[PDB]
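Student: Experimental coordinates follow, after the sequence.
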Amino acid sequence: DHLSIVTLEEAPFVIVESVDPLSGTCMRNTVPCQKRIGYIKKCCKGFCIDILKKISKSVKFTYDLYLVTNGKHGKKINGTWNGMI
Amino acid sequence: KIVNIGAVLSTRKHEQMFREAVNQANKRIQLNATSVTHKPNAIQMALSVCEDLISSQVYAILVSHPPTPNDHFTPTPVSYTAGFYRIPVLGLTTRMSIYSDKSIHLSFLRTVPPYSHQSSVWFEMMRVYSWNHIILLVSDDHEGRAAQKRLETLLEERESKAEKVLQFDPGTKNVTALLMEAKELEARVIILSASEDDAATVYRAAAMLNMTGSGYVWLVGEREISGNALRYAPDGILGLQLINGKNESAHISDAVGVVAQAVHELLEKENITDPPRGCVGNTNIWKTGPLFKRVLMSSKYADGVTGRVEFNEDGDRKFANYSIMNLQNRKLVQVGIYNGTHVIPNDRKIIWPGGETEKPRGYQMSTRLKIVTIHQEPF
Amino acid sequence: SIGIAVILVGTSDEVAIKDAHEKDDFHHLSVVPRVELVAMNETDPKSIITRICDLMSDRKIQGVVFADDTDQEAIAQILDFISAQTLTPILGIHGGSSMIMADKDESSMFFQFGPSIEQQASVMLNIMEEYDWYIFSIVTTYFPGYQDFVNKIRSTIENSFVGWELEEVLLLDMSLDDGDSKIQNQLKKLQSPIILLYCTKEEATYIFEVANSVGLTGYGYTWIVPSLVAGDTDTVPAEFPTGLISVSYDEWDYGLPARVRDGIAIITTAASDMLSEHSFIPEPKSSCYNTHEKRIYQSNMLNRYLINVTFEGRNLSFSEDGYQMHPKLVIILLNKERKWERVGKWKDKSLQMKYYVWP
Amino acid sequence: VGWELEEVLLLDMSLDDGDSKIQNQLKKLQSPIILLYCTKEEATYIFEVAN
Amino acid sequence: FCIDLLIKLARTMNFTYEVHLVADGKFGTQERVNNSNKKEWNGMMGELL
């Protein structure tokens, strides 16, 4: 199946890199991830992205990554959750 | 051309209507009748069928419930004898679940659903009444397995399973030990699929084990809310009754019209083989018989005393009508109606076992846990 | 003496069967065995009831051994009913009587020389164990033995150290009108090297033709099918893929008179055991009138002995449903032409080898 | 950029009754993207085969 | 450690309990039974299942 997967940049776990200035698309061993703002495609990579690679190819599902912009990891502000949660 | 649809029925009076049903269905290329009453034994059962087959070159046969209450051995020879020639046989009032097996009964049909179809009714009862934990108490015979097997398959449609499927040998005497296992089970809904005499054994052990009190729900089929079962059944049993199950006249008239509908559909066929005129000499297959059965698969009759007559893939009746009825104050009173798809309950109240007016939960969670540990020093 | 009648249908080597009667040795069993070889044609179901009833009424035969040549299962049902009322065991040596009927009567003592759907399915797992085939795909129609075939496979796959992998249990259906398109999409969802097809002989042709429409009948695949589709090995619908594997009974190494001696031995050996311990002589009422009133007398104790009989070291023991726990099974393969050839044998849960390394 | 070319599949029509060889070779394809190149009339023959 | 956590679990979830030690003395492993060509758990894993 196809799942929409949210993420967020953290230094060792989800590293977000700019796309190739020449090719214009993401590199090898590095998955793409969008960034709403304009709508920008970036390249995601890290410890947690590798786990997602092995899981997806073993659980047999496809995904499209996108970085959260509403917030961060997540917090409950007046009964509503913002961020990855 | 003369086509006979001769039958094998007891109740000589009812056989007269079969001739009358034939004599009235033809007006709506000729139909006849050569019905013969039931002999006592079962060896002469098969020999009579050939003699009827010889005298009329019968196309299809009718078999109904005799005075003998076995309901399993008496109707067998008609299907077995006519199964050699691939001649379809209509099971007017034979509700045993065995006849749905095409391997054993190559050419056999039914105007009434088998006892195994009552599990389809119980499925909708759980949906209406919000039950998900049940205990099956089924006999080890084929009828018990059939009720178990269909219920289990449809339970995975909603991704659910029975809590326990306790089985007992047919005609068992010490059933109490088996029901003791259902005591510690969390589920309170009990589904029983025993026979006329086995049901009372389960009922008598439940009463002394206090399993017919408050909180218990008994879902029960046709055979265990009739006969000797009602003598020992506790208050609040929620059984099932076929609305037109015992209407022999309805099935005779309905079956004649159903076959005669497909009779007129055999004209537009190539290389039709006549039915054998003698059972003694014939050894062929009469391949039009399977073709006649295949046409008779979709031959749905417009109306009837029993309603629309539609046949399943295995030859059983489709979209039958059931009545849901409790046993209040030792009196079996109708409480609901099953229309073949959903459950329609009446405005009448339901007396649950133990006299509870409100619907019991149907599941009691055990708060006493057994916990296994190991010797590890810090822990 | 114990009255045993061998009723034969169609052409047979009756002379050799007669010689086998003298070559029998049941002297140690102390049974005084009697054999009444009776021959007839296919005739009719009306005759077979009256023929056996006449034989029972004449010399009060205790057991019946039946052989047949036609490939129709309607003979097996009649024999089961005859044993149900006459209370006389019948043996399905060959032909229609050897066709296996899944569900019998509870009080019948009718047994057949053949495997069950489960035993064939268990055998099918054996041939894949040796060749290291562990990827599955089960395709079954609405045949009444489809859901026992799947259950037996699923039971052996689970909790077993052998690493299997079952992909699809595709359930086909052909009662739908003009449903060829509908059955086409379902069959395309197959990506396994091995397919364990279970259907009927004519239903297989429809399935194989649809697979022939996709063209993936055999090119890098393998289909394993029970003996139901194989049927008459002399006839091939010319659509069965090359490399088709099937499981068959011992219908070539065992001749028609080969089983008659064993069938007679089974009854006599069973009757020997009851005489040593119970010492009872069964004399059922030979009349065929009011046989329901004759149900008071029963031979269930004797039926406890026909279940377990060992002769010559071969466990020719019957199940409670009339199967054989230790039957002789063979494996048949399609060569380049259209001909069934042996590629193995099965005995005592051990799969005997002739051709080892698959091509 | 991460590229992987896993099939160089090629078909032939000069064979008579070679439809089976065409069809069975098509089953080896296991990729979301198929880069086809043939004649318009010729593609219709193999699109039906893939269907 | 595990008994003190069990007592806390029981208090905050309102269940009673009866603690016993695993008879095998093992933790649990799907040991092969070559006799029946199957696998079965032992230890506490077998007791729970």
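Tutor: Noted; the coordinates are in hand. Numbering: from 1, shown residues only, chains lettered A, B, ... in the order given.

Student: Show me what from chain B comes close to chain C.
Tutor: When proximity is defined as C-beta under 8 Å from any C-beta of the partner chain, chain B approaches chain C at B:40-44, B:46-47, B:50, B:73, B:76-77, B:80-81, B:83-84, B:98, B:101-104, B:106, B:141-142, B:149, B:170, B:279-283, B:285, B:297, B:313-314. Quick note: C-beta positions are derived from backbone N, CA and C, even for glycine.

Student: Among those, name the ones in helices.
Tutor: Among those, DSSP state H puts B:43-44, B:46-47, B:50, B:76-77, B:80-81, B:83-84, B:142, B:149, B:297 in helices.

Student: What about chain D: which of those touch it?
Tutor: Of the entries in those, none also sits close to chain D under the rule C-beta under 8 Å from any C-beta.

Student: quick check, nearest of the residues you listed to chain E?
Tutor: Distance from chain E was checked for each of these by C-beta to the nearest C-beta. The minimum falls on residue B:149, at 24.2 Å.

Student: sorry, back to before: and the ones in helices among the residues of chain B next to chain C as a markdown table, adding neighbour count?
Tutor: Rendered in a markdown table, the data for those read as follows (neighbours: other C-beta atoms under 10 Å in any protein chain shown):
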| residue | neighbour count |
| --- | --- |
| B:43 | 22 |
| B:44 | 18 |
| B:46 | 26 |
| B:47 | 19 |
| B:50 | 23 |
| B:76 | 26 |
| B:77 | 27 |
| B:80 | 24 |
| B:81 | 30 |
| B:83 | 24 |
| B:84 | 27 |
| B:142 | 20 |
| B:149 | 16 |
| B:297 | 17 |
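
Student: closest to residue B:4 among those?
Tutor: residue B:50 (14.0 Å; C-beta to C-beta).

Student: which residues of the stretch 251-359 of chain C fall in helices?
Tutor: Under the criterion DSSP state H, counting those that start in this stretch, helices of the stretch 251-359 of chain C are mapped to C:256-277, C:300-306.

Student: okay if I get those as JSON lines plus distance to chain D and mean neighbour count?
Tutor: Listed next are the helices of the stretch 251-359 of chain C as JSON lines, based on distance: least, C-beta to the nearest C-beta, whole Å; neighbours: other C-beta atoms under 10 Å in any protein chain shown:
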{"stretch": "helix C:256-277", "distance to chain D": "42", "mean neighbour count": "20"}
{"stretch": "helix C:300-306", "distance to chain D": "52", "mean neighbour count": "17"}
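
Student: Export the ones in helices among the residues of chain B next to chain C as CSV, with columns for distance to residue C:17.
Tutor: Putting these into CSV (distance: C-beta to C-beta, whole Å) gives the following:
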residue, distance to residue C:17
B:43, 28
B:44, 32
B:46, 28
B:47, 29
B:50, 30
B:76, 32
B:77, 31
B:80, 28
B:81, 29
B:83, 30
B:84, 26
B:142, 36
B:149, 43
B:297, 45
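
Student: do stretch B:354-374 and chain E meet?
Tutor: Yes. Residues of stretch B:354-374 contacting chain E under C-beta under 8 Å from any C-beta: B:367-374.

Student: Could you write me a ChimeraX select line covering just the buried ones among the residues you listed?
Tutor: Selecting only the buried members of these in ChimeraX, with burial defined as 16 or more other C-beta atoms under 10 Å in any protein chain shown, works like this:
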select /B:371,372
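
Student: Sort out for me which of the residues of stretch B:354-374 next to chain E are in strands.
Tutor: Counting by DSSP state E, the part of the residues of stretch B:354-374 next to chain E found in strands is B:368-373.
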